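Okay, so here's the structure we're looking at.
The first chain written gets the first letter, and so on, giving A, B, C, D, E, F, G and H; residue counts start at 1 in each chain.
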């Protein structure tokens, strides 16, 4: 479809790889007794492998010639969930962490010896500060508009 | 012919000794 | 009680508690959802 | 060797070696003209860098040429 | 022999004179400080370059400076 | 006189000192100005000699630290026993020890790491262990898991007891200084009580418990049918059926006709054919004799009574040709400072560990241990590394003592002054010996390589062209082989099968032991070992002797023990302290130990280990290529590093895959170490300046201003990373090879 | 003198060692350097002849010893060179001897002329002649 | 102050060592340190080992000035003893070295000439480009 790639449900090397993995698991599975716990664990492993391959086929990834899935970071609307959405989630989380840390630093900067507050954290103030990161983009945008973000 | 059998020993051994002696004498000279 | 609480707020103890909680949450999330390569909710 | 070990150890070793040379018989007749001292800091750094580069280049050249010429394909 | 220089930011705390291992620096009377004294380096030829005087000097930047220069038997610390 | 002296409640237990870090040192306790403070808080934590000056507090702190260490060790032992009891296949391995691989760890099933649960055997899946605990448990007579559970519970109880004892002896009743300074009573109690009584009790256990159970197991009885150990004590009929001598009771012992006990107290020697190990009767006899010897030797020093010897009198009254008055003030020096004792004990412990490794590999004392190759390799390498580290630490503590606890006015010794007055000759001679040994030992290899590379195999130093044979070692081997015939009539056979002469011992189709030949390669490797050891000794001795002062710096003792340099003057004075000498000798210890373990591994794989068919031929793992390929560096690189690394790099997708990952990870760490060994502080400080400016622009500047690491800290980090990476690489390679091929 | 960087030991100060070292040709001060150098060269060449013929590349063939002998002679030549330059860079034409002037007891004695341009030149010439003669004698004795 | 002389002072009791004088002392120079002790006591030599100083005047020979100054400062710090050292040349010249004015350098003394003083801040030095192609240096100006 894109750059000469084949949909992963159509490709045959994907099914071949699944067959090799299942055969490799069954080779070790044949050793133990049917009622033994290792047999149950290996059967669970086989079921997990089958479910993983079924989900990979369902999600619409594109395996290459070698039979392994490939990721598209172009921004094509058909492949937004591979890169763009996790990227947005990661950016949100990182902004939360950074905003919380900067807010705590500014809050403890007032005291006479902030070093003792850094080496020995105070819990109530940090607990109050932490939950303000849920709205970090709005606060950051407003502070940038006002002019409090950059020191002078 | 047989030039290498005459030239390789000259460059390999005699010339380095001459150069080393000359350089040592020039360096140690006051 | 005051001194014990002050000691419990030192950097290594808080760090190990935070990282243990984070590791436990990540392990439990990966157990409930075994494999994940793309974001399929949308 | 030139990139981790530093000067003071070698200077003390050189002093001990000088004492040993001075005290022995039948070899104190021969005496030096320039006092032996250990290498400087920048000089040792340069020597170590030169050794590192020479080893790097020679090893890679040998490996590349041998591997590419053994098969000729 | 290395070069040792003294600037006028000195406050005459006499730490550099005490730190010297070869008796290079001394103190002389002066006029532009509370301590009414300033350091000097007459015996420059005996300097080895240990830079202990710079190690013991309270200022924004050192009021005593050592620049390495032509080496000899004394400055190389040789006893043989 | 000898008395118990204590002080009541010297310190009060409270949490107020936990809140404020660095309470031991006032400079640290003042507060953090920069980040370097943190790096100091961990460096001076255990330097009790710098916190105060009174010996009493230091001794009390040392005692409490010892108690805490004992508690930690007991916790570790209890954990090992509990793992053996719960998650293991010990009962399955007991019946068929040859065809089942020990395993005592089970991995969870979270991510996909379940591939690490390999098919060890006996209907079990897990990680194969190489600690050798199964052989110890079998030799102790354990045949169930309830006993292991009870042992784990007892270990937990003892760890709790040790922790409580430490708390009690620091905070409730702390001994005075005179209690610690009584070395005669301590020596008497450590010799007669700690060593003799413990070995006597272990010999009694072996006589009463281990021997009958092991005899029943060796007969072929099922482990579930063996009578319980207390049945042998309760029922004298069973022991009479097993060993008739017990029917006579303890009467022979008092009757002095001890020959009646010849059934279970023998002097045969050699290896047991069934299990490939030493006889248990010989072990019990040896323990009994050692107990007698220690009990006799524990009554030498005078304590509280007329009879005995005085250590000070023995030292002072010593007269000899080369010594003279000699040891006059050594007693005060040894009873005044802890560092000299620490150095002596560290060196002795390292030497003992090396001897232990050698004696353990040579004569296997546990059943079914020789035929398990991974356990042998792991034990040898581990004990060698531990011994090397201890030997290195001894010199560092000796230098610390010489720097900070030596004064020739109050406590003067003649021998130390005499040694300190001629250090130049010692250093010069050691340097010459090192140069000569290195030149010859490495020039032989370089000559062999050059002659082989030029198509001249008849000019090398080999068994075929120019022979350099170890005649003295061969003579010693022949003497040892012929020893039991005439020189030792009591022993039936020789002590070990290593000596050239005797028969081959193999257990379960696998070779256990056979005589080891000696040739030119052994000569070369032994000389290389000597060269490396001599260089390490030279480095450590030069560090120790020149600690107080030197020709270059006449007042090095004023600067202390841990200082980076003196300055850029005098041409450069970097790395002049004894700490730098220890940091430099660590590398050479690492090199020597690596060479030794490589030699041991290749020689054992090539000339001893292997398999035997029914006809009677022996096929070794590498087919005896050591004698012709180990004489050149190219042979070492190709036939050892390249050939034996096939298993580790091909372990992906199998149960050994973890090892392969480590084989990469350690490599990374090694390279990382170089960053801390080739650079300096100024560049990093100047970079941190710009980083701090970039932080300041956004109002995220911390109060604790970041600072680059100190020079000593950087050197320590570099050497630690280097050693860790190298050791982990060797560990992964050895374990992967010996598990996949053996 | 306890403040001089040297110690007195049985090995370094014994009548036998002192006599044996003082009777060596390198310590005879009164004798002119040529006669000492001749003996030194003779001994050195006679010693040096052996290892070349015993461990040479051709040591197994029939030419072996002869070839080895030649090699020994070559070494002597190189050694002679290593002497000559050492004189040129050390002793000037008109400067006097630099040997110690007084003995251990304290008596004034004539300094050795070996540490002089003419003395060192005589020593080197005698060493070369003696080395060549010793090599020739060793070869003749070994293979005739 | 007028320089003193050291005609015939005895020496401490030492057994000898290998850290003593070398060929430089016979060729180039050496140093002599003299002090006065009120009682016989044991001290530590800079060259390794311990020695005993006789009661009265004591004299010692060393190779460098650093050893002399270290020994003198140890004597002053521990024993409270006045000392002075000279430098001796092969030709026989003896040059007075330690305190030249008769007082220790750490004490300000009138009549002392100042050497190496620059009446400016360390940041007022000119750039190296200004002193190029000349034999002077920026810090010398």
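Going forward, a residue touches a chain if its C-beta (ideal position, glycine included) is under 8 Å from a C-beta of that chain, and two chains touch if they have at least 3 such contacts.
So, comparing each chain's Cα centre against the centre of all protein Cα atoms, which one is closest?
Minimum centroid-to-centroid distance belongs to F.
Counting C-beta pairs in contact, which comes out ahead: F-H or D-F?
Result of the comparison of D-F and F-H: D-F.
If you average the CA atoms of chain A and of chain F, how far apart do the two points sit, in angstrom?
Going by mean C-alpha positions, chain A sits 45 Å from chain F.
Where the centres are mean C-alpha positions, what is the separation of chain A from chain E, in Å?
Chain A and chain E have C-alpha centres separated by 62 Å.
Nearest whole angstrom, what separates the Cα centre of chain B from the Cα centre of chain E?
Centre-to-centre distance between chain B and chain E: 51 Å.
Hey, what residues on chain H touch two or more of the other chains?
Only 15-19, 22-23, 64, 66, 70 qualify.
I need the residues of chain A touching at least two other chains; which ones are they?
119-120
Check each residue of chain B and list the ones that touch at least two other chains.
Only 28 qualify.
Would you tell me which residues of chain E are touching chain H in their complex?
For this pair, the touching residues of chain E are 3-9, 12, 14, 17-18, 21-23, 25-29, 36-38, 40-42, 44, 46, 48, 61-63, 65, 67, 73-74, 77-80.
Mind pulling up the chain D residues that touch chain F in the complex?
3-9, 11-13, 15-17, 19-20, 37-38, 40-41
Name, in rising order, each residue of chain C that touches chain F in their complex.
That would be residues 3-4, 6-7, 10, 27, 30-31 of chain C.
In the complex, go through chain H and note every residue touching chain F.
15-19, 41-42, 44, 46-50, 64, 66-67, 70
Tell me, which parts of chain F touch chain H in their complex?
Touching chain H from chain F are residues 408-409, 412, 417, 420-425, 548-549, 551, 554-555.
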